[PDB]
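Visitor: Below is a structure I'd like to ask you about.
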Protein chains: 2
Amino acid sequence: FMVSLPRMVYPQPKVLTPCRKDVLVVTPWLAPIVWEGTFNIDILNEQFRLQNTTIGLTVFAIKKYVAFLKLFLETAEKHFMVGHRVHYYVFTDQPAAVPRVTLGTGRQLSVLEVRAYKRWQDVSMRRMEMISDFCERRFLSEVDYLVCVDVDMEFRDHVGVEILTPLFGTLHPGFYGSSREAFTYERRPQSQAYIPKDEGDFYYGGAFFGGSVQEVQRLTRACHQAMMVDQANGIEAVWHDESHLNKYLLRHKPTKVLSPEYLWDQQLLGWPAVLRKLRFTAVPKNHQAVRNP
Amino acid sequence: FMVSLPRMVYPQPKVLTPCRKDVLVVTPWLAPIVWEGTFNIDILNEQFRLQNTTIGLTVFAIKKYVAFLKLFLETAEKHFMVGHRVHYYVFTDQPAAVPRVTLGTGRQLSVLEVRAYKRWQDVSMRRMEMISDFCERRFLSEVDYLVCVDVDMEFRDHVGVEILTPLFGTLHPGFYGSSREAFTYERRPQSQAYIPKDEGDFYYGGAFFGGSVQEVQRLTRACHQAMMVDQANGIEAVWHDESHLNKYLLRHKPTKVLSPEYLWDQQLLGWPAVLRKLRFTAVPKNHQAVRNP
Ligand SMILES: O=c1ccn([C@@H]2O[C@H](COP(=O)(O)OP(=O)(O)O)[C@@H](O)[C@H]2O)c(=O)[nH]1
Ligand SMILES: O=c1ccn([C@@H]2O[C@H](COP(=O)(O)OP(=O)(O)O)[C@@H](O)[C@H]2O)c(=O)[nH]1
Ligand SMILES: [Mn+2]
Ligand SMILES: [Mn+2]
């Protein structure tokens, strides 16, 4: 914990030059918004390697979504926390369908067998319960941070220790330039996910969040308990786990926010100038086909 | 610790508008640089009041510097952490010379009697030993954060919970626009404070640093132990405690950096456009007169 950095030679920070002139790089509660140009990865790598950091990555591959694992894991090997200790946790109803992907040194993979729900909405929402539960089973004793992502994705560029913090969310790529009234929060007061039209900082994506194990256990437990209240009341939030994630992060502000570099869809949104890197991207899929037998 | 924010109405953060176009607002290790325009103090106040935060302020008033206490404490009452629990710790060789300043509710003051050294350099440097020591005597059991400042100063504007973080330093007002080779770090390899010409992020001021009690105890202990090594080797760093502070913060990066709004000298430097507020400022003094009998 008490550990000195070695001597390093790198460019001097420039106090009187903004690191970005086109985007917000800090939230109003002083959380960094992580864009390329904001960080020197050499300094961050040193800080996190000196603390012997282990990062857990959770991914759900239930029913037909096992098809996405090979690309997901291959590309994670090229781009996700390279040089750091990584533990992948693949949650699936089909252990035998997990592809045999070759891992770099210091990286391991565990297959966690879980039930499949019929409705895609329930598969998506029940990730919160399943993550919270495994926080006691394994994660508290095995990793320092958890990164919780969608599987229908691939890494195309660096995703590293710059994201690590007690609690982070990611700007949804559909909404980063939108006004809060256009955000697709849950708007029915009868749901635990309700956010009024005059509230909201950002629209966070359900496909990429994380933090310390303690903060992720808190978040996932809270979202699951809220879902259960909604279920008892006969209501399902408009965007499922993402709606609840958004309510949680409004009331418990994240300590870093990831830019849409970290959660993108090039088919739908192209490659705008404001994105210097496209790091973690959607794999094209046919919702109706892939979500049903 | 687990505490939800209430509903709040405030302006939506603007993802595609920088909060400052003229200054760096985040370090390359993703620490916020605190300037006006970077923070919504209403959100921060909520976060810190929900955690029932107590802030300790240490100040040394040794020998003739007791004269600075009345203005220092009066202006702290107007501007420093108003609304939060505050404990002032006045270190002095003359308990009876501490002025009777009226305090707001939830704010208290303790007088800590310490020895006076002859040389101003030693008075300044021995603050590290004295702070580290009182971390066990009182601070661990009494406060959450410590703010450690010069007494030859006055508050002129808000200094609040925006500064609070595990470890912070402040940009020295003489050097915030300077290249690292112009920084007045200790440049003799025989001193524990030595920093080579090609290293250094910022020139931090010895007059304003702080953090959690744990991190402040670490810092002050390390700087005192380094001073003692230098003393045994017959060398005194060029800028005394400030030199050692700079070496420490180079190797243990702060989690926030305060802009020179928080440490200014209007007589020497005026009021540049880049400073929207002048918060904590030098009181004009005659070094030779005030540092000697
Ligand atoms: O049949 C399913 C449906 C969903 N998921 C998981 O739930 C996540 C969220 O669903 P999806 O990616 O379909 O949501 P979208 O990105 O299309 O909104 C997926 O990435 C998978 O990890 C799954 O494993 N199987
Ligand atoms: O005789 C002295 C000399 C120094 N100090 C303390 O040490 C700090 C640092 O010294 P000073 O302010 O003279 O340094 P400068 O700001 O002029 O570099 C002061 O603010 C006081 O808190 C003191 O109390 N008495
Ligand atoms: Mn998806
Ligand atoms: Mn001073």
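Naming works like this for the structure tokens: A, B, ... for the chains as they're shown, residue 1 at the start of each chain, ligands 1 onward in shown order.
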All in-order C-alpha pairs, least squares, chain B moved onto chain A. Output the fitted coordinates as an mmCIF file with C-alpha atoms, in the first residue's frame, please.

Guide:
```cif
data_model
loop_
_atom_site.group_PDB
_atom_site.id
_atom_site.type_symbol
_atom_site.label_atom_id
_atom_site.label_comp_id
_atom_site.auth_asym_id
_atom_site.auth_seq_id
_atom_site.Cartn_x
_atom_site.Cartn_y
_atom_site.Cartn_z
ATOM 1 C CA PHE B 1 0.000 0.000 0.000
ATOM 2 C CA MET B 2 2.730 2.524 0.942
ATOM 3 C CA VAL B 3 4.858 2.246 -2.235
ATOM 4 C CA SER B 4 7.035 4.886 -4.011
ATOM 5 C CA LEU B 5 6.989 5.322 -7.826
ATOM 6 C CA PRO B 6 10.323 4.870 -9.590
ATOM 7 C CA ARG B 7 11.992 7.676 -11.481
ATOM 8 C CA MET B 8 10.135 8.225 -14.782
ATOM 9 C CA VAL B 9 10.734 10.538 -17.675
ATOM 10 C CA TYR B 10 7.594 11.834 -19.423
ATOM 11 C CA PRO B 11 6.268 15.108 -20.731
ATOM 12 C CA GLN B 12 5.497 17.791 -18.164
ATOM 13 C CA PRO B 13 1.777 18.450 -17.630
ATOM 14 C CA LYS B 14 0.806 21.791 -19.055
ATOM 15 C CA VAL B 15 -1.219 23.747 -16.440
ATOM 16 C CA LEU B 16 -2.282 26.438 -18.911
ATOM 17 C CA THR B 17 -3.304 24.042 -21.733
ATOM 18 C CA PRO B 18 -6.540 22.041 -21.490
ATOM 19 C CA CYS B 19 -6.060 18.344 -22.199
ATOM 20 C CA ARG B 20 -9.278 18.433 -24.287
ATOM 21 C CA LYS B 21 -10.904 21.509 -25.776
ATOM 22 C CA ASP B 22 -13.922 19.618 -27.151
ATOM 23 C CA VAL B 23 -15.281 17.586 -24.245
ATOM 24 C CA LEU B 24 -15.932 17.691 -20.512
ATOM 25 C CA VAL B 25 -13.115 15.819 -18.717
ATOM 26 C CA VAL B 26 -14.365 16.123 -15.117
ATOM 27 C CA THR B 27 -17.875 15.834 -13.669
ATOM 28 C CA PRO B 28 -19.316 18.533 -11.365
ATOM 29 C CA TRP B 29 -18.556 16.234 -8.411
ATOM 30 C CA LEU B 30 -14.907 16.057 -9.476
ATOM 31 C CA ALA B 31 -14.938 12.570 -11.013
ATOM 32 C CA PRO B 32 -12.679 12.262 -14.069
ATOM 33 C CA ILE B 33 -14.410 11.559 -17.401
ATOM 34 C CA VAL B 34 -12.000 9.226 -19.132
ATOM 35 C CA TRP B 35 -11.184 10.215 -22.736
ATOM 36 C CA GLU B 36 -8.038 9.689 -24.703
ATOM 37 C CA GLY B 37 -5.682 12.566 -23.974
ATOM 38 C CA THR B 38 -6.640 12.784 -20.311
ATOM 39 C CA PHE B 39 -4.226 10.127 -18.955
ATOM 40 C CA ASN B 40 -0.629 8.960 -19.108
ATOM 41 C CA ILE B 41 -1.027 5.228 -19.047
ATOM 42 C CA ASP B 42 2.613 4.717 -17.994
ATOM 43 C CA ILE B 43 2.012 6.471 -14.684
ATOM 44 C CA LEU B 44 -1.264 4.635 -14.101
ATOM 45 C CA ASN B 45 0.222 1.260 -14.941
ATOM 46 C CA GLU B 46 2.988 1.863 -12.393
ATOM 47 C CA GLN B 47 0.536 2.884 -9.689
ATOM 48 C CA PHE B 48 -1.686 -0.144 -10.206
ATOM 49 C CA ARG B 49 1.085 -2.704 -10.723
ATOM 50 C CA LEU B 50 2.764 -1.533 -7.492
ATOM 51 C CA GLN B 51 -0.503 -2.317 -5.618
ATOM 52 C CA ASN B 52 -0.567 -5.783 -7.294
ATOM 53 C CA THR B 53 -3.996 -5.165 -8.733
ATOM 54 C CA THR B 54 -6.242 -7.994 -9.871
ATOM 55 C CA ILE B 55 -9.179 -7.151 -12.147
ATOM 56 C CA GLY B 56 -12.194 -9.426 -12.505
ATOM 57 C CA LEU B 57 -14.220 -9.253 -15.724
ATOM 58 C CA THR B 58 -17.766 -10.630 -15.616
ATOM 59 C CA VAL B 59 -19.658 -11.558 -18.764
ATOM 60 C CA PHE B 60 -22.903 -13.448 -19.257
ATOM 61 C CA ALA B 61 -23.291 -15.828 -22.156
ATOM 62 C CA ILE B 62 -26.691 -17.374 -21.777
ATOM 63 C CA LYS B 63 -28.504 -19.406 -24.433
ATOM 64 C CA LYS B 64 -27.517 -18.327 -27.935
ATOM 65 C CA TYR B 65 -25.161 -15.600 -26.670
ATOM 66 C CA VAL B 66 -22.437 -18.234 -26.166
ATOM 67 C CA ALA B 67 -21.670 -17.511 -29.821
ATOM 68 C CA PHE B 68 -20.160 -14.140 -28.837
ATOM 69 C CA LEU B 69 -17.610 -15.491 -26.377
ATOM 70 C CA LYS B 70 -14.774 -16.431 -28.744
ATOM 71 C CA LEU B 71 -14.397 -12.924 -30.194
ATOM 72 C CA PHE B 72 -15.056 -11.288 -26.852
ATOM 73 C CA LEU B 73 -12.352 -13.264 -25.061
ATOM 74 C CA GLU B 74 -9.792 -13.180 -27.932
ATOM 75 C CA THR B 75 -10.033 -9.444 -28.193
ATOM 76 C CA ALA B 76 -9.979 -9.012 -24.412
ATOM 77 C CA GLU B 77 -6.675 -10.832 -24.501
ATOM 78 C CA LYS B 78 -5.293 -8.249 -26.905
ATOM 79 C CA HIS B 79 -6.678 -5.146 -25.238
ATOM 80 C CA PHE B 80 -8.050 -5.572 -21.664
ATOM 81 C CA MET B 81 -5.732 -4.839 -18.750
ATOM 82 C CA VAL B 82 -2.690 -6.339 -20.532
ATOM 83 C CA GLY B 83 0.179 -6.659 -18.028
ATOM 84 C CA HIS B 84 -2.125 -6.849 -15.035
ATOM 85 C CA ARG B 85 -3.640 -9.862 -13.260
ATOM 86 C CA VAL B 86 -7.032 -10.676 -14.771
ATOM 87 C CA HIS B 87 -9.704 -13.194 -13.789
ATOM 88 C CA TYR B 88 -12.504 -13.685 -16.308
ATOM 89 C CA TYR B 89 -15.804 -14.966 -14.940
ATOM 90 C CA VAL B 90 -17.999 -16.420 -17.631
ATOM 91 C CA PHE B 91 -21.572 -16.954 -16.430
ATOM 92 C CA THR B 92 -23.390 -19.411 -18.663
ATOM 93 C CA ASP B 93 -26.085 -22.083 -18.797
ATOM 94 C CA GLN B 94 -23.831 -24.123 -21.162
ATOM 95 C CA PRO B 95 -20.382 -24.710 -19.647
ATOM 96 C CA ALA B 96 -19.376 -26.982 -22.527
ATOM 97 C CA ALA B 97 -20.017 -24.249 -25.089
ATOM 98 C CA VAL B 98 -17.327 -21.940 -23.663
ATOM 99 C CA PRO B 99 -14.562 -21.722 -26.348
ATOM 100 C CA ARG B 100 -10.998 -22.690 -25.385
ATOM 101 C CA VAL B 101 -9.232 -19.330 -25.696
ATOM 102 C CA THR B 102 -5.516 -19.138 -25.040
ATOM 103 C CA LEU B 103 -4.707 -16.763 -22.209
ATOM 104 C CA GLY B 104 -1.636 -14.698 -21.451
ATOM 105 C CA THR B 105 0.365 -15.188 -18.326
ATOM 106 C CA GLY B 106 -1.305 -14.030 -15.086
ATOM 107 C CA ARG B 107 -4.766 -14.340 -16.597
ATOM 108 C CA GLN B 108 -7.311 -16.991 -15.709
ATOM 109 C CA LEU B 109 -10.862 -17.918 -16.563
ATOM 110 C CA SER B 110 -13.601 -19.504 -14.452
ATOM 111 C CA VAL B 111 -16.885 -20.789 -15.819
ATOM 112 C CA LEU B 112 -19.856 -20.159 -13.514
ATOM 113 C CA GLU B 113 -22.933 -22.218 -14.296
ATOM 114 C CA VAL B 114 -26.228 -20.352 -13.887
ATOM 115 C CA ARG B 115 -29.818 -20.748 -14.914
ATOM 116 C CA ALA B 116 -31.270 -19.413 -18.162
ATOM 117 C CA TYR B 117 -34.449 -17.313 -18.055
ATOM 118 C CA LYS B 118 -36.867 -17.441 -20.975
ATOM 119 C CA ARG B 119 -37.206 -13.749 -21.573
ATOM 120 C CA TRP B 120 -34.158 -11.813 -22.677
ATOM 121 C CA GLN B 121 -35.276 -9.020 -20.323
ATOM 122 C CA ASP B 122 -35.006 -11.338 -17.383
ATOM 123 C CA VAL B 123 -31.655 -12.744 -18.537
ATOM 124 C CA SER B 124 -30.347 -9.175 -18.710
ATOM 125 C CA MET B 125 -31.892 -8.034 -15.388
ATOM 126 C CA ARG B 126 -30.887 -11.109 -13.386
ATOM 127 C CA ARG B 127 -27.234 -10.322 -13.980
ATOM 128 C CA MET B 128 -27.486 -7.983 -11.000
ATOM 129 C CA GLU B 129 -28.617 -10.745 -8.656
ATOM 130 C CA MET B 130 -26.016 -13.136 -10.013
ATOM 131 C CA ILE B 131 -23.136 -10.685 -9.772
ATOM 132 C CA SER B 132 -24.118 -9.624 -6.194
ATOM 133 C CA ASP B 133 -24.297 -13.326 -5.128
ATOM 134 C CA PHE B 134 -20.856 -14.135 -6.595
ATOM 135 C CA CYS B 135 -19.370 -11.148 -4.790
ATOM 136 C CA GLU B 136 -19.519 -13.372 -1.638
ATOM 137 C CA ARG B 137 -18.841 -16.688 -3.441
ATOM 138 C CA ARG B 138 -15.596 -15.609 -5.094
ATOM 139 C CA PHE B 139 -14.991 -12.015 -5.966
ATOM 140 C CA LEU B 140 -14.199 -10.579 -2.528
ATOM 141 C CA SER B 141 -11.450 -13.203 -2.077
ATOM 142 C CA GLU B 142 -10.155 -13.177 -5.691
ATOM 143 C CA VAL B 143 -10.122 -9.676 -7.195
ATOM 144 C CA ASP B 144 -9.683 -6.008 -6.295
ATOM 145 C CA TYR B 145 -11.974 -4.525 -8.958
ATOM 146 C CA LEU B 146 -14.855 -5.856 -11.024
ATOM 147 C CA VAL B 147 -15.666 -4.833 -14.568
ATOM 148 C CA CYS B 148 -19.156 -5.956 -15.664
ATOM 149 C CA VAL B 149 -19.885 -5.970 -19.380
ATOM 150 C CA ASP B 150 -22.147 -7.187 -22.178
ATOM 151 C CA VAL B 151 -20.850 -10.134 -24.227
ATOM 152 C CA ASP B 152 -22.153 -8.984 -27.631
ATOM 153 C CA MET B 153 -19.053 -6.850 -27.982
ATOM 154 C CA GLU B 154 -15.417 -6.824 -28.989
ATOM 155 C CA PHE B 155 -12.364 -4.933 -27.838
ATOM 156 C CA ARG B 156 -10.690 -2.901 -30.577
ATOM 157 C CA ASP B 157 -8.299 -0.773 -28.546
ATOM 158 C CA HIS B 158 -6.808 -0.318 -25.086
ATOM 159 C CA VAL B 159 -9.051 -0.753 -22.053
ATOM 160 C CA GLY B 160 -6.864 -0.502 -19.030
ATOM 161 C CA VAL B 161 -6.312 0.625 -15.490
ATOM 162 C CA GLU B 162 -7.374 4.182 -16.303
ATOM 163 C CA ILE B 163 -10.968 2.946 -15.701
ATOM 164 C CA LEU B 164 -10.300 1.616 -12.187
ATOM 165 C CA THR B 165 -11.848 3.482 -9.271
ATOM 166 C CA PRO B 166 -14.297 2.685 -6.501
ATOM 167 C CA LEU B 167 -17.363 3.095 -8.730
ATOM 168 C CA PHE B 168 -17.658 3.781 -12.441
ATOM 169 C CA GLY B 169 -20.316 4.072 -15.108
ATOM 170 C CA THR B 170 -19.973 4.575 -18.848
ATOM 171 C CA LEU B 171 -21.681 7.147 -21.103
ATOM 172 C CA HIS B 172 -24.171 5.363 -23.310
ATOM 173 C CA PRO B 173 -23.180 6.069 -26.928
ATOM 174 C CA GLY B 174 -26.741 6.957 -27.980
ATOM 175 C CA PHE B 175 -27.065 9.802 -25.442
ATOM 176 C CA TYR B 176 -23.732 11.438 -24.638
ATOM 177 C CA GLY B 177 -24.725 14.582 -26.548
ATOM 178 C CA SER B 178 -28.396 14.564 -25.506
ATOM 179 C CA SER B 179 -30.299 16.759 -23.093
ATOM 180 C CA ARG B 180 -31.558 15.015 -19.954
ATOM 181 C CA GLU B 181 -35.193 15.248 -20.990
ATOM 182 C CA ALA B 182 -34.302 13.058 -24.046
ATOM 183 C CA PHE B 183 -32.611 10.419 -21.866
ATOM 184 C CA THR B 184 -34.620 7.175 -21.794
ATOM 185 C CA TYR B 185 -34.730 6.906 -18.010
ATOM 186 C CA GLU B 186 -37.749 5.195 -16.457
ATOM 187 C CA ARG B 187 -40.379 7.941 -16.241
ATOM 188 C CA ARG B 188 -43.216 6.155 -14.402
ATOM 189 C CA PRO B 189 -43.319 7.059 -10.667
ATOM 190 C CA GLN B 190 -44.652 3.572 -9.878
ATOM 191 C CA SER B 191 -41.172 2.107 -10.658
ATOM 192 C CA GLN B 192 -38.213 2.165 -8.291
ATOM 193 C CA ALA B 193 -36.109 3.317 -11.294
ATOM 194 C CA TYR B 194 -38.118 6.519 -11.738
ATOM 195 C CA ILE B 195 -36.164 9.680 -12.539
ATOM 196 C CA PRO B 196 -38.066 12.973 -13.076
ATOM 197 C CA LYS B 197 -37.513 15.091 -16.189
ATOM 198 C CA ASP B 198 -35.488 17.710 -14.298
ATOM 199 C CA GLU B 199 -33.000 15.232 -12.769
ATOM 200 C CA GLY B 200 -30.101 13.298 -14.154
ATOM 201 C CA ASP B 201 -26.411 13.896 -14.834
ATOM 202 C CA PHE B 202 -25.738 11.387 -17.641
ATOM 203 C CA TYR B 203 -27.312 8.364 -19.317
ATOM 204 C CA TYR B 204 -25.117 5.460 -18.330
ATOM 205 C CA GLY B 205 -24.953 2.231 -20.295
ATOM 206 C CA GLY B 206 -25.976 -1.025 -18.644
ATOM 207 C CA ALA B 207 -23.392 -2.763 -20.806
ATOM 208 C CA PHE B 208 -20.282 -1.463 -18.933
ATOM 209 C CA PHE B 209 -19.958 -0.595 -15.243
ATOM 210 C CA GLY B 210 -17.723 -1.591 -12.361
ATOM 211 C CA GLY B 211 -15.719 -0.593 -9.379
ATOM 212 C CA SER B 212 -14.227 -2.083 -6.243
ATOM 213 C CA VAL B 213 -15.846 -5.360 -5.215
ATOM 214 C CA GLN B 214 -17.475 -3.626 -2.255
ATOM 215 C CA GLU B 215 -19.049 -0.902 -4.420
ATOM 216 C CA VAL B 216 -20.123 -3.369 -7.109
ATOM 217 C CA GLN B 217 -21.759 -5.596 -4.497
ATOM 218 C CA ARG B 218 -23.637 -2.513 -3.220
ATOM 219 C CA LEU B 219 -24.765 -1.479 -6.631
ATOM 220 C CA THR B 220 -25.857 -4.898 -7.823
ATOM 221 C CA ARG B 221 -27.658 -5.687 -4.551
ATOM 222 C CA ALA B 222 -29.522 -2.347 -4.699
ATOM 223 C CA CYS B 223 -30.523 -2.791 -8.321
ATOM 224 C CA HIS B 224 -31.699 -6.378 -7.687
ATOM 225 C CA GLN B 225 -33.718 -5.329 -4.627
ATOM 226 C CA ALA B 226 -35.325 -2.505 -6.649
ATOM 227 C CA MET B 227 -36.186 -4.928 -9.468
ATOM 228 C CA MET B 228 -37.870 -7.212 -6.941
ATOM 229 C CA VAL B 229 -39.948 -4.334 -5.602
ATOM 230 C CA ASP B 230 -41.017 -3.441 -9.197
ATOM 231 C CA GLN B 231 -41.844 -7.118 -9.883
ATOM 232 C CA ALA B 232 -44.037 -7.315 -6.745
ATOM 233 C CA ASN B 233 -45.782 -4.132 -7.985
ATOM 234 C CA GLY B 234 -46.352 -5.471 -11.523
ATOM 235 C CA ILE B 235 -43.994 -3.121 -13.360
ATOM 236 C CA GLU B 236 -40.825 -3.698 -15.380
ATOM 237 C CA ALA B 237 -38.532 -0.765 -16.017
ATOM 238 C CA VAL B 238 -38.393 0.493 -19.631
ATOM 239 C CA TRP B 239 -34.693 -0.436 -20.070
ATOM 240 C CA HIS B 240 -34.492 -3.153 -17.484
ATOM 241 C CA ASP B 241 -31.166 -3.302 -15.598
ATOM 242 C CA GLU B 242 -29.970 -0.141 -17.366
ATOM 243 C CA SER B 243 -32.871 1.853 -15.890
ATOM 244 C CA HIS B 244 -32.050 0.725 -12.397
ATOM 245 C CA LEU B 245 -28.320 1.304 -12.933
ATOM 246 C CA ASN B 246 -29.147 4.886 -13.931
ATOM 247 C CA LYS B 247 -31.235 5.489 -10.808
ATOM 248 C CA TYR B 248 -28.485 4.059 -8.632
ATOM 249 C CA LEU B 249 -25.754 6.218 -10.219
ATOM 250 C CA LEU B 250 -27.859 9.329 -9.953
ATOM 251 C CA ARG B 251 -28.122 8.865 -6.174
ATOM 252 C CA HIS B 252 -24.628 7.372 -5.643
ATOM 253 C CA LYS B 253 -22.323 9.319 -7.913
ATOM 254 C CA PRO B 254 -19.570 7.373 -9.671
ATOM 255 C CA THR B 255 -15.955 8.235 -8.906
ATOM 256 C CA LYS B 256 -14.999 8.002 -12.617
ATOM 257 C CA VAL B 257 -17.150 8.148 -15.734
ATOM 258 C CA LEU B 258 -16.005 6.433 -18.907
ATOM 259 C CA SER B 259 -16.474 8.224 -22.231
ATOM 260 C CA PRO B 260 -18.261 6.479 -25.101
ATOM 261 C CA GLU B 261 -14.843 5.381 -26.373
ATOM 262 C CA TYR B 262 -15.521 2.526 -23.934
ATOM 263 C CA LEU B 263 -19.044 1.622 -25.205
ATOM 264 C CA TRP B 264 -19.687 2.243 -28.885
ATOM 265 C CA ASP B 265 -21.654 0.985 -31.915
ATOM 266 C CA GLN B 266 -19.907 1.886 -35.166
ATOM 267 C CA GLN B 267 -22.696 0.466 -37.353
ATOM 268 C CA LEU B 268 -25.250 2.802 -35.799
ATOM 269 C CA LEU B 269 -23.091 5.820 -35.012
ATOM 270 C CA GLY B 270 -19.986 5.782 -37.241
ATOM 271 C CA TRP B 271 -16.693 7.255 -35.979
ATOM 272 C CA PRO B 272 -17.159 10.856 -34.891
ATOM 273 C CA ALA B 273 -14.238 13.262 -34.480
ATOM 274 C CA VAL B 274 -14.783 13.471 -30.739
ATOM 275 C CA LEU B 275 -13.757 9.760 -30.455
ATOM 276 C CA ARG B 276 -10.028 9.469 -30.873
ATOM 277 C CA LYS B 277 -10.239 5.730 -30.138
ATOM 278 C CA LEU B 278 -13.018 3.166 -30.376
ATOM 279 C CA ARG B 279 -12.153 0.730 -27.601
ATOM 280 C CA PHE B 280 -15.132 -1.577 -26.915
ATOM 281 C CA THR B 281 -17.720 -1.970 -29.622
ATOM 282 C CA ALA B 282 -20.992 -3.695 -30.505
ATOM 283 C CA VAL B 283 -20.952 -6.841 -32.589
ATOM 284 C CA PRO B 284 -23.837 -6.686 -35.127
ATOM 285 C CA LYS B 285 -26.712 -8.984 -34.146
ATOM 286 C CA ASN B 286 -30.351 -9.649 -34.963
ATOM 287 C CA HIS B 287 -32.254 -9.180 -31.712
ATOM 288 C CA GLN B 288 -35.285 -11.351 -32.542
ATOM 289 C CA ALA B 289 -33.156 -14.231 -33.871
ATOM 290 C CA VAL B 290 -30.481 -14.299 -31.153
ATOM 291 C CA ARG B 291 -32.814 -13.725 -28.137
ATOM 292 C CA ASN B 292 -35.288 -16.531 -28.952
ATOM 293 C CA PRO B 293 -34.995 -20.273 -29.725
#
```

Visitor: Among region 139-292 of chain A, which residues does DSSP mark as helix (DSSP H, G or I) when it is run on the backbone? Keep the chain and numbering as in the structure and answer as a PyMOL selection string.

Guide: chain A and resi 139-142+161-163+180-182+213-232+240-251+260-262+266-269+287-290

Visitor: What would the file look like if the residues just selected were written as a PDB file, in the first residue's frame with C-alpha atoms?

Guide:
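And here is the file that came out, out27.pdb:
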```pdb
ATOM      1  CA  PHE A 139     -14.991 -12.015  -5.966  1.00  0.00           C
ATOM      2  CA  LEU A 140     -14.199 -10.579  -2.528  1.00  0.00           C
ATOM      3  CA  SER A 141     -11.450 -13.203  -2.077  1.00  0.00           C
ATOM      4  CA  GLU A 142     -10.155 -13.177  -5.691  1.00  0.00           C
ATOM      5  CA  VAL A 161      -6.312   0.625 -15.490  1.00  0.00           C
ATOM      6  CA  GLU A 162      -7.374   4.182 -16.303  1.00  0.00           C
ATOM      7  CA  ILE A 163     -10.968   2.946 -15.701  1.00  0.00           C
ATOM      8  CA  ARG A 180     -31.558  15.015 -19.954  1.00  0.00           C
ATOM      9  CA  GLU A 181     -35.193  15.248 -20.990  1.00  0.00           C
ATOM     10  CA  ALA A 182     -34.302  13.058 -24.046  1.00  0.00           C
ATOM     11  CA  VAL A 213     -15.846  -5.360  -5.215  1.00  0.00           C
ATOM     12  CA  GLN A 214     -17.475  -3.626  -2.255  1.00  0.00           C
ATOM     13  CA  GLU A 215     -19.049  -0.902  -4.420  1.00  0.00           C
ATOM     14  CA  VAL A 216     -20.123  -3.369  -7.109  1.00  0.00           C
ATOM     15  CA  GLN A 217     -21.759  -5.596  -4.497  1.00  0.00           C
ATOM     16  CA  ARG A 218     -23.637  -2.513  -3.220  1.00  0.00           C
ATOM     17  CA  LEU A 219     -24.765  -1.479  -6.631  1.00  0.00           C
ATOM     18  CA  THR A 220     -25.857  -4.898  -7.823  1.00  0.00           C
ATOM     19  CA  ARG A 221     -27.658  -5.687  -4.551  1.00  0.00           C
ATOM     20  CA  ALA A 222     -29.522  -2.347  -4.699  1.00  0.00           C
ATOM     21  CA  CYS A 223     -30.523  -2.791  -8.321  1.00  0.00           C
ATOM     22  CA  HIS A 224     -31.699  -6.378  -7.687  1.00  0.00           C
ATOM     23  CA  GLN A 225     -33.718  -5.329  -4.627  1.00  0.00           C
ATOM     24  CA  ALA A 226     -35.325  -2.505  -6.649  1.00  0.00           C
ATOM     25  CA  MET A 227     -36.186  -4.928  -9.468  1.00  0.00           C
ATOM     26  CA  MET A 228     -37.870  -7.212  -6.941  1.00  0.00           C
ATOM     27  CA  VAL A 229     -39.948  -4.334  -5.602  1.00  0.00           C
ATOM     28  CA  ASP A 230     -41.017  -3.441  -9.197  1.00  0.00           C
ATOM     29  CA  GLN A 231     -41.844  -7.118  -9.883  1.00  0.00           C
ATOM     30  CA  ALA A 232     -44.037  -7.315  -6.745  1.00  0.00           C
ATOM     31  CA  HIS A 240     -34.492  -3.153 -17.484  1.00  0.00           C
ATOM     32  CA  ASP A 241     -31.166  -3.302 -15.598  1.00  0.00           C
ATOM     33  CA  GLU A 242     -29.970  -0.141 -17.366  1.00  0.00           C
ATOM     34  CA  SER A 243     -32.871   1.853 -15.890  1.00  0.00           C
ATOM     35  CA  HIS A 244     -32.050   0.725 -12.397  1.00  0.00           C
ATOM     36  CA  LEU A 245     -28.320   1.304 -12.933  1.00  0.00           C
ATOM     37  CA  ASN A 246     -29.147   4.886 -13.931  1.00  0.00           C
ATOM     38  CA  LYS A 247     -31.235   5.489 -10.808  1.00  0.00           C
ATOM     39  CA  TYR A 248     -28.485   4.059  -8.632  1.00  0.00           C
ATOM     40  CA  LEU A 249     -25.754   6.218 -10.219  1.00  0.00           C
ATOM     41  CA  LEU A 250     -27.859   9.329  -9.953  1.00  0.00           C
ATOM     42  CA  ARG A 251     -28.122   8.865  -6.174  1.00  0.00           C
ATOM     43  CA  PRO A 260     -18.261   6.479 -25.101  1.00  0.00           C
ATOM     44  CA  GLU A 261     -14.843   5.381 -26.373  1.00  0.00           C
ATOM     45  CA  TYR A 262     -15.521   2.526 -23.934  1.00  0.00           C
ATOM     46  CA  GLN A 266     -19.907   1.886 -35.166  1.00  0.00           C
ATOM     47  CA  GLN A 267     -22.696   0.466 -37.353  1.00  0.00           C
ATOM     48  CA  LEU A 268     -25.250   2.802 -35.799  1.00  0.00           C
ATOM     49  CA  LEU A 269     -23.091   5.820 -35.012  1.00  0.00           C
ATOM     50  CA  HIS A 287     -32.254  -9.180 -31.712  1.00  0.00           C
ATOM     51  CA  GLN A 288     -35.285 -11.351 -32.542  1.00  0.00           C
ATOM     52  CA  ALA A 289     -33.156 -14.231 -33.871  1.00  0.00           C
ATOM     53  CA  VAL A 290     -30.481 -14.299 -31.153  1.00  0.00           C
TER      54      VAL A 290
END
```

Visitor: Would you please give, as a PyMOL selection string, all residues of region 107-229 of chain B that DSSP assigns to strand (DSSP E) based on the backbone?

Guide: chain B and resi 107-113+145-149+153-155+167-170+208-212
